[PDB]
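Note sheet for the following structure.
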Amino acid sequence: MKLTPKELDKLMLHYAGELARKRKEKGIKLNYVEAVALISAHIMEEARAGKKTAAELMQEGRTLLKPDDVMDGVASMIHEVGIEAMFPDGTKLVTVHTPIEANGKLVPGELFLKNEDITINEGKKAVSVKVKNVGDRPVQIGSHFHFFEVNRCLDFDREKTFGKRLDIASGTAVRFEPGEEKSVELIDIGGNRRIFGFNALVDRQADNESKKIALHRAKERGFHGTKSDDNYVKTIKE
Amino acid sequence: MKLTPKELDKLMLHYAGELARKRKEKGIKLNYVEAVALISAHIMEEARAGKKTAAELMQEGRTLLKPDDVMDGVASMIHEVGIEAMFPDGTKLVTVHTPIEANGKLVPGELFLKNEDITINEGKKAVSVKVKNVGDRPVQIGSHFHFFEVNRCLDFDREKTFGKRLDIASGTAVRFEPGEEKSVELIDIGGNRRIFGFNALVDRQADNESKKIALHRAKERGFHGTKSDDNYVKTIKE
Amino acid sequence: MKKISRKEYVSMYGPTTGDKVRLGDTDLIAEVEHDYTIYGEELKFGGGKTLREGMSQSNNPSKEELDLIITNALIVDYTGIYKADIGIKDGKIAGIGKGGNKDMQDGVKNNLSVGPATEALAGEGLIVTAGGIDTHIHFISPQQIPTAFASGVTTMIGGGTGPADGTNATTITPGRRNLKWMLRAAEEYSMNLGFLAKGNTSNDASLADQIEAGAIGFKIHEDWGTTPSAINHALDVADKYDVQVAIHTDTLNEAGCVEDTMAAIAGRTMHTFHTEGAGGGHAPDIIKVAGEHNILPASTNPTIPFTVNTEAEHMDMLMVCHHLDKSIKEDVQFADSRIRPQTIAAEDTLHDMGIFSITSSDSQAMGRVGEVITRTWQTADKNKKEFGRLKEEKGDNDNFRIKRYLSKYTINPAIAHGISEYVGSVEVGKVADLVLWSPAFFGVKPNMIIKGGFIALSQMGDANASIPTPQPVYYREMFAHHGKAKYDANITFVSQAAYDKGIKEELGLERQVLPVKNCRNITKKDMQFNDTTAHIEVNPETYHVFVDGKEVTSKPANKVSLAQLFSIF
Amino acid sequence: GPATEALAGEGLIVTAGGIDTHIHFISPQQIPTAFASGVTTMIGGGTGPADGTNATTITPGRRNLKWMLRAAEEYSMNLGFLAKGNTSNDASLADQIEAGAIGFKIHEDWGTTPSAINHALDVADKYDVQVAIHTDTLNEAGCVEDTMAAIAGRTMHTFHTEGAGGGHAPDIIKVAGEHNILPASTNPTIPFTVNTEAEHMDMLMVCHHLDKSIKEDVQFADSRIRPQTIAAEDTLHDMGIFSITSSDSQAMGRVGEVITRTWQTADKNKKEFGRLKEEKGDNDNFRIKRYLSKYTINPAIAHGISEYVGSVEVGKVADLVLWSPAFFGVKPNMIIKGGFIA
Amino acid sequence: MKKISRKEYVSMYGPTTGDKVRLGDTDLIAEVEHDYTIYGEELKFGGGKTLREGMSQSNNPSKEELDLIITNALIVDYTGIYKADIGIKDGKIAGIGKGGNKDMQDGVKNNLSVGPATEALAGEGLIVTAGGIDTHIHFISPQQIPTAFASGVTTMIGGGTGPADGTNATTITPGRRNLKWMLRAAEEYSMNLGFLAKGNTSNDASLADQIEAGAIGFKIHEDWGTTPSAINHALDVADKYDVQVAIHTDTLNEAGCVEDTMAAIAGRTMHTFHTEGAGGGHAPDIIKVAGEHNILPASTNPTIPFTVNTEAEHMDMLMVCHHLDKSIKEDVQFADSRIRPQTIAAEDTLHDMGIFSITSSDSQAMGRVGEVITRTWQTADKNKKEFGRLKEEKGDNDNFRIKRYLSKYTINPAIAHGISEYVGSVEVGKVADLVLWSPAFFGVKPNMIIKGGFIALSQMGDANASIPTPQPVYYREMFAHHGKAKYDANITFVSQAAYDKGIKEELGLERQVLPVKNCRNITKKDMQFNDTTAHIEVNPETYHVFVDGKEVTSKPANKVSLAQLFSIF
Ligand code: NI
Ligand code: NI
Ligand code: NI
Ligand code: NI
Ligand code: NI
Ligand code: NI
């Protein structure tokens with residue numbers, strides 16, 4: 001047979017699903033493990049039969065278990081069942097999203113939230129800058145990127161954005177479609193304001209003296225919207 | 001699924017029992033392993049169903065296999081099947097005692113005994129002492145405990161019991177219910193008669209000289225039935 | 001300055017101050033007390049997120065740069081329930097707080113600096129607790145260790161040599177040679193380990209030799225003879241060597257009753273196993289010692305919570321382990337004096353009152369090594385269902401009860417066995433033995449175990465899958481579990497005397513070897529959230545339990561949480 | 001002589017052990033799985049099921065390198081670890097190499113910026129180690145030509161160059177024609193099948209926690225998958241433009257399927273385009289050599305280990321795989337590791 | 001439960017929460033913010049008091065038993081002004097809090113346990129601060145070290161080889177051999193010491209060699225030529241070695257003006273000496289750099305506070321040190337451009353605003369080594385007299401201003417020179433460099449110095465007297481000052497590179513040798529209570545100073561506190 005470790009794991013999973021199906025036949029309401037295993041084993045068998053596509057199986061995994069077939073609390077615990085199955089065209093990942101609908105009131109890990117909003121970046125004044133993507137490719141910018149050093153294809157008044165980042169939720173992003181034009185809010189970067197990396201445009205302390213060096217470097221490297229005055233005077237370290 | 005090692009072991013056990021049940025359906029007489037597994041898997045499934053109590057399952061495990069369903073010799077080899085199952089109220093141990101009745105003549109490990117009795121403690125003369133438990137709690141005394149140093153709530157003529165133990169089978173015990181009164185047999189302790197521990201009443205060689213020290217210590221510590229004469233004369237080491 | 005709705009904020013970074021989360025499928029509600037974060041500066045890992053070179057990873061890091069940081073973790077500890085980032089450096093917890101890059105963010109201290117040497121572990125929406133500590137292990141089979149590991153236990157303390165009959169009854173590793181056997185076997189495992197010696201002797205030299213041979217304490221078990229003389233001698237030696245003593249008292253009252261045992265203890269520190277007495281102990285009134293100042297009272301998980309199936313199960317279990325016969329009236333009399341559904345019922349309430357301070361296993365010796373934490377939280381849930389919310393609560397939460405029950409298997413056993421300077425809590429300076437829980441699975445099935453500052457166990461899908469999530473998912477050994485890495489991640493606890501004599505070098509041990517300390521000067525008042533002393537009376541006839549004159553009882557449960565919803569078997 | 005053991009190979013095929021250079025060290029169980037498929041060397045990074053490792057093949061820093069190097073003593077596999085290249089601090093980069101790493105990974109999840117690329121390449125040139133890159137899909141700091149300018153004509157090993165696994169949308173695949181680039185592909189995109197696109201779409205929606213009701217998430221997903229580049233990737237393998245096949249294990253890739261999917265791609269290409277014009281005879285020997293090099297000798301040359309492993313040559317380490325021809329490319333007979341059966 | 005009047009309670013144990021105490025003869029009022037004590041459980045030493053065997057000294061101590069405990073101390077630190085007990089173990093601060101015996105008292109943690117090995121130091125009615133740190137020492141005479149020690153300074157950082165003319169001008173220890181001379185001489189003294197190398201060179205190899213030879217940083221001084229090239233090279237090497245750079249800029253504007261110097265610094269971390277410029281610096285506008293993020297601005301004590309005698313004294317002092325002549329108009333022009341009573345007046349207000357962050361000496365090089373702390377508190381008192389109470393105060397006290405000025409010589413210089421993990425504050429884990437002050441003498445004359453956890457200097461009466469109090473009382477060396485004990489109590493700070501190369505063993509040094517760290521990634525925002533950045537403009541003609549567009553000035557004082565009331569000379 002030359003079974004691999006994967007084949008042994010999948011055989012164990014198939015028989016866990018078989019046990020789940022037997023218990024469902026006996027009239028027992030399935031718990032979390034049984035529901036997960038039943039969905040996974042059904043998907044594997046369907047993929048072995050070779051008569052359905054992976055997308056069909058993603059849709060079919062959601063009709064196996066009605067809400068009355070599982071215990072209270074089960075539906076809210078199974079966000080997604082992923083299972084890798086071998087189709088005639090090879091191994092594909094099938095994920096079923098929210099296979100079971102909630103019918104009871106039991107929610108394990110239920111979150112009870114205050115209805116008050118969170119104020120982020122408190123004490124930081126936000127300026128508004130209009131930005132246009134003159135390139136032919138999409139550009140996405142995160143919350144803590146130094147906005148002065150974004151893709152050179154974005155065009156905006158770079159001088160007003162030095163030492164600033166997007167005033168959005170941490171870990172979120174703003175997208176710029178090709179040709180898209182929109183305005184964004186920028187707050188000052190906090191901490192020691194020591195900007196290293198990002199395009200190597202600053203790589204030092206952020207201040208008015210280093211803003212001139214950054215503007216000159218940006219203009220030399222073709223960053224759009226950069227207007228650094230001609231007759232630039234170099235310093236001893238650039 | 002987040003299966004634990006216990007869940008993998010129980011899944012293997014369930015399918016061993018499934019194989020046993022299939023073979024029983026085919027008409028094969030089950031052997032030792034198959035009978036054990038069939039009983040265990042039935043108990044686990046019943047506990048999963050959640051409609052029966054553990055005691056009900058202990059009684060039900062004895063009706064699964066008739067004597068004609070197993071091979072000769074199987075019934076005498078299965079004294080007790082224990083299995084831990086998860087009920088709605090948690091994990092409980094279910095043990096089935098003598099699930100199958102013997103019908104053949106084959107007894108593996110059969111013992112062929114001489115009909116002569118064993119004489120224990122030969123050469124030891126036994127005295128008889130009457131003991132009463134004046135406490136409100138049960139007291140149980142083993143075969144090799146120094147009977148002079150038993151629970152102080154037991155009342156008996158302690159002087160006659162010094163250096164002695166119960167003349168009963170090794171590893172057995174005599175029980176004294178609260179208020180119970182009965183007589184017991186005591187033999188001399190053998191070997192070097194060096195008594196250490198038990199209440200720290202002797203902690204030295206047992207003899208007439210140390211019996212006086214033991215009696216005095218017992219009286220000072222309120223051991224019932226101890227009559228050591230007043231005007232006790234201390235020794236240099238007590 | 002922007003406004004973010006609480007819903008999307010919690011979905012991105014987890015609950016914040018004032019939010020509440022249900023623990024598992026129970027009724028216990030945890031409220032976040034405080035948050036160490038600066039709103040708008042949260043650490044997120046991923047594509048286009050903050051944890052990147054020059055933004056939240058420093059390009060000029062401090063010299064105390066972290067090896068590992070856990071971002072946006074909800075810490076559930078006896079010290080509080082709060083949100084922070086946990087930084088790990090060199091196997092210890094280096095910092096708790098904001099975490100990040102000082103070049104671009106305001107409130108970052110040198111001990112929480114993220115640099116190029118830092119690994120990122122996302123903890124948003126997850127709970128971090130300390131690793132559990134099980135102090136009643138019968139070392140009967142090595143397979144117990146992975147089972148306890150997968151349930152959230154990171155330290156096992158006990159005794160035994162294997163499936164020998166002495167070990168099947170007692171948590172005792174007897175003598176220098178057997179201690180050497182077990183200490184050299186311990187090099188195999190992903191678990192903190194310490195071993196108890198035989199206390200059942202009246203020979204002081206024999207007692208002292210076992211401590212100097214590497215044991216962290218004594219077990220006194222009635223199967224080896226729990227007599228006042230042995231108790232007295234063992235306590236004297238333990239006081240000379242600063243190690244703990246555990247006791248399984250005489251159920252038969254052979255040498256005396258419970259007060260004689262207390263007289264032998266003579267007001268010295270003692271750790272009592274299965275104090276309610278179903279697991280052994282003076283019939284029927286061993287449970288009264290749980291109110292004494294010098295006693296550290298523990299319970300074993302088979303008796304908690306009290307259910308409809310508990311009594312019959314314990315009766316049949318006792319008839320099997322002691323080879324009793326139902327046709328003998330003396331065996332029945334022994335069994336009836338032993339089980340006592342009254343004391344079993346009282347035990348749950350005594351846990352709720354803080355009289356009992358430690359939960360433990362008694363593994364494969366009438367106890368389940370993979371169920372200590374689960375049965376502790378089942379008991380907490382049952383007590384909240386019966387008696388309602390505790391009066392020591394401050395707010396519409398169960399934070400006080402959560403701390404009380406969490407201490408029973410994390411910090412109180414660590415204090416009891418003199419290891420609370422290394423493990424037991426999420427505190428700066430302590431060993432990074434941490435467990436990650438998703439709140440929906442809290443108390444029954446963890447996400448991953450961090451052992452010695454490195455991941456040792458986690459849920460994991462099949463190795464050939466394109467991502468780690470797909471089925472089948474079960475607990476698999478991680479890299480800290482293998483090779484020479486396991487020697488750096490694991491501790492063998494020994495006595496101070498053995499440590500000073502170079503037990504590590506004498507036996508060629510490659511694990512970390514640490515001494516236990518501060519075992520003799522602790523009392524019931526040193527247990528966190530479980531320090532209630534009271535006068536406990538037990539009726540000799542009806543077996544009823546009275547605490548400070550009032551009867552204490554609980555009713556059995558026909559169904560518990562965290563049981564059939566989460567397990568296939 | 002009398003000291004020789006005999007192994008019969010009549011009717012069997014001997015190839016060199018496979019070399020997988022895109023391992024996410026997420027679970028130790030990957031190592032036996034790759035071993036059973038014919039892989040004898042795994043190169044990559046990670047510390048375990050941590051989120052940083054689930055995204056990146058990075059073992060960050062001296063202490064984590066020590067952890068993984070001491071864990072490696074467990075396994076039957078040749079192992080080497082990549083450090084974090086995503087920093088602009090030269091001292092931090094150099095310390096990781098001196099701590100035992102064989103190279104750097106630059107991954108966009110730690111920030112693939114031109115500054116970090118430039119610094120990492122400078123340090124790697126000073127220490128003679130390889131650099132692997134997972135480029136910026138969002139074009140945040142620049143497009144593909146800006147990345148090539150940061151590389152500045154130095155040797156670079158590109159992972160999943162076709163870009164479904166990440167990379168400048170939509171045109172990272174163009175770097176596969178450059179002289180200084182060593183272009184690799186990951187196995188989930190080869191061969192291109194009817195189920196490939198939907199599977200990759202749903203996989204992307206899961207790993208990045210995207211929502212179908214958000215148009216920006218859809219726009220990101222559409223710019224990322226591109227069935228056009230996936231289709232082109234198979235032909236580029238047939239043409240010799242792509243040079244290395246790899247896994248991206250448990251990070252959109254299957255560690256036990258590198259060799260199998262390589263030979264599936266070869267079979268599909270022969271079915272579509274017929275026999276190669278570089279053949280000499282009624283055989284496919286040239287195509288067999290071309291595809292076999294993708295997981296044996298080319299990754300070994302790329303990561304500087306081709307004097308030890310990568311081929312059946314005298315003087316090299318005896319990492320050999322025995323195949324019965326009926327099972328060639330999917331299920332081997334035995335693995336010889338270090339001159340002994342493992 | 002008994003009631004005690006506040007008066008007798010404070011007389012017995014010192015001020016408690018809500019009480020206020022005057023600092024010296026100034027107008028600054030300190031309010032106790034919090035108390036760690038349990039009322040009725042205070043630690044008192046004496047006949048019939050609590051600190052006795054079995055009551056507050058434990059008969060069963062923890063294993064972390066203290067060597068020394070300071071009872072009922074009022075801690076004045078940047079972390080707060082509060083009452084606690086300070087426990088010292090092994091030269092470090094082991095605990096801050098209650099302290100005592102767990103057998104007889106409730107709230108005692110293992111790190112604050114008093115046992116038989118503990119020495120008692122009474123601190124009731126006394127103030128405990130961290131030892132001062134002086135970072136502008138000209139090592140001109142060894143006699144400076146006892147003088148600074150007696151004023152409350154426990155760490156001296158600077159450079160020099162002795163009364164050589166190069167040292168009389170610069171804080172520079174030039175080259176490997178001179179570093180070896182000074183490092184071996186340092187073994188004599190009761191002071192933490194670290195030495196600055198010559199930064200005035202354009203040779204990178206020469207710069208690197210000095211750091212590897214044991215220097216903790218560079219001094220750039222105009223007397224050796226403060227040119228942009230040397231500044232650039234020195235900063236590059238310092239960034240490679242993680243050491244601090246201090247600069248005395250070009251007063252003559254020979255190679256450029258202040259903006260050229262800032263361009264040479266190029267946004268890297270720099271510590272500027274006497275930033276107001278009377279001690280040297282770009283005339284007349286060096287003071288403008290005190291608003292930059294990357295600058296750590298320090299002032300020297302001769303210019304603070306500004307008084308009626310300040311200008312004439314500085315003028316005549318300048319005419320003497322530079323050998324100027326009053327009949328030469330060019331020398332007068334140099335002197336007038338140098339002194340500038342306008343900048344001197346502005347400097348006091350900039351200290352009050354938090355623009356200046358560090359106070360230092362410039363010892364025997366226009367500065368007084370025994371007056372840094374005294375002149376800092378004189379400046380604080382003068383500023384409170386002129387501008388009133390700060391608006392950042394919370395209550396009828398000056399706690400915020402006290403913290404702001406105390407940081408100028410304790411924690412900010414320690415952060416600036418990368419030693420704030422060892423010294424600088426009263427925090428657990430740090431070196432026990434502590435100063436005891438009676439509040440009546442606060443800021444001018446301390447009671448005793450604790451160095452490395454042992455008493456090194458104290459007020460003391462004549463040796464033949466029956467008690468330690470009678471006259472004459474002056475500062476005398478204690479036991480930590482003598483024998484081989486001084487090697488355990490004192491630290492020589494070196495660079496990480498020198499430490500890794502075994503500088504201690506190569507030079508045969510018996511003092512503790514510790515590496516400096518985290519010098520390059522700190523900015524003005526890392527200074528405690530002094531992190532105010534602003535745009536500072538100086539008028540080229542009138543020399544007026546404007547901060548954020550508003551003129552900043554102070555008026556001179558005709559009389560200061562802490563001067564003639566406390567000293568015979
Ligand atoms: Ni027990
Ligand atoms: Ni036990
Ligand atoms: Ni990638
Ligand atoms: Ni990858
Ligand atoms: Ni100067
Ligand atoms: Ni100076």
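How things are named: the first chain in the structure tokens is A, the next is B, and so on; residues count from 1 in each chain; ligands count from 1 in the order shown.
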Item to complete: Output the contact residues of chain D with respect to chain A at a cut-off of 6 Å, based on only C-alpha atoms, as a ChimeraX atom specification.
Response: /D:113-115,138-142
Worksheet entry | Residues of chain C within 8 Å of chain D, only C-alpha atoms counted, as JSON, numbers by chain | {"C": [45, 46, 47, 48, 49, 51, 52, 53, 54, 59, 60, 67, 90, 116, 117, 118, 119, 120, 121, 122, 454, 455, 458, 460, 462, 463, 464, 465, 466, 467, 468, 476, 477, 478, 479, 480, 481, 482, 483, 484, 485, 486]}
Pull C-alpha atoms from the residues just selected and write them as a PDB file, in the first residue's frame.
ATOM      1  CA  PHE C  45       1.434  41.128  12.335  1.00  0.00           C
ATOM      2  CA  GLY C  46       0.690  40.437   8.698  1.00  0.00           C
ATOM      3  CA  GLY C  47       0.998  41.922   5.249  1.00  0.00           C
ATOM      4  CA  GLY C  48       0.875  45.712   5.339  1.00  0.00           C
ATOM      5  CA  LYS C  49       0.517  45.785   9.122  1.00  0.00           C
ATOM      6  CA  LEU C  51       5.016  44.800  12.940  1.00  0.00           C
ATOM      7  CA  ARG C  52       7.451  45.673  10.159  1.00  0.00           C
ATOM      8  CA  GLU C  53      10.962  47.033   9.790  1.00  0.00           C
ATOM      9  CA  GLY C  54      11.024  50.677  10.814  1.00  0.00           C
ATOM     10  CA  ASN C  59      15.833  49.410  13.272  1.00  0.00           C
ATOM     11  CA  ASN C  60      17.820  50.581  16.326  1.00  0.00           C
ATOM     12  CA  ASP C  67      13.062  36.956  21.427  1.00  0.00           C
ATOM     13  CA  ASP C  90      15.913  33.994  27.322  1.00  0.00           C
ATOM     14  CA  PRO C 116      14.934  42.205  14.242  1.00  0.00           C
ATOM     15  CA  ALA C 117      15.546  39.298  16.647  1.00  0.00           C
ATOM     16  CA  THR C 118      11.909  39.119  17.808  1.00  0.00           C
ATOM     17  CA  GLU C 119       9.371  36.492  16.798  1.00  0.00           C
ATOM     18  CA  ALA C 120       5.717  37.539  16.633  1.00  0.00           C
ATOM     19  CA  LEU C 121       2.858  35.577  18.194  1.00  0.00           C
ATOM     20  CA  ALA C 122      -0.630  36.996  17.718  1.00  0.00           C
ATOM     21  CA  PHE C 454       9.505  28.437  22.989  1.00  0.00           C
ATOM     22  CA  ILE C 455       6.480  26.706  21.471  1.00  0.00           C
ATOM     23  CA  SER C 458       0.054  23.195  19.557  1.00  0.00           C
ATOM     24  CA  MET C 460      -1.913  21.452  14.112  1.00  0.00           C
ATOM     25  CA  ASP C 462      -1.896  17.616   8.553  1.00  0.00           C
ATOM     26  CA  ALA C 463       1.711  18.195   7.559  1.00  0.00           C
ATOM     27  CA  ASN C 464       0.997  17.997   3.815  1.00  0.00           C
ATOM     28  CA  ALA C 465      -1.710  20.679   3.877  1.00  0.00           C
ATOM     29  CA  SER C 466      -1.212  24.081   2.270  1.00  0.00           C
ATOM     30  CA  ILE C 467      -2.037  25.820   5.586  1.00  0.00           C
ATOM     31  CA  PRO C 468      -1.860  24.743   9.244  1.00  0.00           C
ATOM     32  CA  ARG C 476       1.387  17.675  18.039  1.00  0.00           C
ATOM     33  CA  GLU C 477       4.856  18.126  19.456  1.00  0.00           C
ATOM     34  CA  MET C 478       6.531  21.351  18.373  1.00  0.00           C
ATOM     35  CA  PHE C 479      10.225  22.170  18.125  1.00  0.00           C
ATOM     36  CA  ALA C 480      10.851  22.860  21.824  1.00  0.00           C
ATOM     37  CA  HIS C 481       9.750  19.227  22.338  1.00  0.00           C
ATOM     38  CA  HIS C 482      12.650  17.756  20.335  1.00  0.00           C
ATOM     39  CA  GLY C 483      16.404  17.340  20.077  1.00  0.00           C
ATOM     40  CA  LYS C 484      18.565  19.264  22.507  1.00  0.00           C
ATOM     41  CA  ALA C 485      16.003  22.077  22.576  1.00  0.00           C
ATOM     42  CA  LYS C 486      13.926  20.238  25.183  1.00  0.00           C
TER      43      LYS C 486
END
Item to complete: From a DSSP pass on the backbone, collect the residues of segment 70-232 of chain E flagged as helix (DSSP H, G or I) and hand them back as JSON, numbers by chain.
Response: {"E": [110, 111, 112, 144, 145, 146, 147, 148, 149, 150, 165, 166, 167, 168, 169, 175, 176, 177, 178, 179, 180, 181, 182, 183, 184, 185, 186, 187, 188, 204, 205, 206, 207, 208, 209, 210, 211, 212, 222, 223, 224, 228, 229, 230, 231, 232]}
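Here atom CA of residue 69 of chain E and atom CA of residue 154 of chain E stand 19.9 Å from one another.
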Worksheet item: Within 10 Å of chain A, which residues of chain B show up when using only C-alpha atoms, listed as a VMD selection string?
Response: chain B and resid 1 to 3 7 to 8 11 to 12 14 to 15 45 48 to 50
Item to complete: Within 8 Å of chain C, which residues of chain E are there when counting only C-alpha atoms? Please give them as a count of residues only.
Response: 9
Fill in: Proximal residues of chain C relative to chain B (only C-alpha atoms; 6 Å) as number ranges by chain
C: 227-229, 252-256, 313, 473-474, 558-560, 563, 569
Fill in: At most 6 Å from ligand 6 (only C-alpha atoms and all ligand atoms): residue list as a list in words
residues 170, 171, 362 and 365 of chain E
Please write the residues from the selection above to a file, keeping N, CA, C and O atoms, as an mmCIF file, in the first residue's frame.
data_model
loop_
_atom_site.group_PDB
_atom_site.id
_atom_site.type_symbol
_atom_site.label_atom_id
_atom_site.label_comp_id
_atom_site.auth_asym_id
_atom_site.auth_seq_id
_atom_site.Cartn_x
_atom_site.Cartn_y
_atom_site.Cartn_z
ATOM 1 N N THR E 170 39.483 70.189 28.877
ATOM 2 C CA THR E 170 38.632 69.191 28.252
ATOM 3 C C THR E 170 38.402 68.006 29.183
ATOM 4 O O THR E 170 39.262 67.657 29.994
ATOM 5 N N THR E 171 37.230 67.386 29.053
ATOM 6 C CA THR E 171 36.932 66.134 29.754
ATOM 7 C C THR E 171 37.318 64.942 28.884
ATOM 8 O O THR E 171 36.497 64.111 28.511
ATOM 9 N N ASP E 362 31.074 70.577 35.303
ATOM 10 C CA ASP E 362 32.240 71.185 34.645
ATOM 11 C C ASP E 362 33.317 71.512 35.688
ATOM 12 O O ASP E 362 33.783 72.642 35.816
ATOM 13 N N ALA E 365 36.747 73.509 35.976
ATOM 14 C CA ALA E 365 36.807 74.022 34.615
ATOM 15 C C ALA E 365 35.607 74.926 34.367
ATOM 16 O O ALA E 365 34.814 74.704 33.453
#
